[PDB]
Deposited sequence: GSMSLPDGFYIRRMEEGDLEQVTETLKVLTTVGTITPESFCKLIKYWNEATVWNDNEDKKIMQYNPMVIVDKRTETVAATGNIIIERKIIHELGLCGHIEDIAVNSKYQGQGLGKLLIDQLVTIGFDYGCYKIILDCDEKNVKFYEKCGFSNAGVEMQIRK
């Protein structure tokens, strides 16, 4: 599970605004975001912790960076939830996976999911889930995931 030479993964930072918004736009609508508001979002994500009786960050936004060009090749996040079931169990929610086109087909998506999963299991999650489009199911099965249900949504 190591990244290809030249690429590294790290927690998303305030200075990533431009590259991250650009990357996420290939996934869905992003819209207008100011540096000021992004600053605020990053502080929230950097401070929210999950009660643990070892510090658990509720948000774990990652970026994989191609060091040569300082370009964000991909981004993904894993959100940690504490429940009552499974003896006050922890559940990880992988969200907002996006790999830039120029960087796909190189194994970076799988390595990103692998790193997110590791973050979750290291925190003690009894399970990690995510929702994907039917056309991405095979990629997720190759990351070790299995079909568990149907995602249902309702929009405002």
item	value
Deposited sequence positions missing from the model - stretches, numbered from 1, in order	1-2, 56-58
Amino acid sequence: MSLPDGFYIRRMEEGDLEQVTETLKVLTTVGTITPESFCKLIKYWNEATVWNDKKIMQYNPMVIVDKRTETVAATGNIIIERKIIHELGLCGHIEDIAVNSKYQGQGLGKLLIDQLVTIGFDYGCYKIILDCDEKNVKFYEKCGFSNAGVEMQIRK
From here on, numbers count along this sequence of modelled residues.
{"item": "Average Cα temperature factor in the PDB entry - higher stretch of 106-114, 35-43", "value": "35-43"}
{"item": "Per the entry, higher mean C-alpha B factor between 24-32 and 56-64", "value": "24-32"}
{"item": "Selection by C-alpha B-factor (highest) of 131, 70, 96, 122", "value": "70"}
{"item": "Chain thirds of CA B-factor: placement of residue 91", "value": "lowest"}
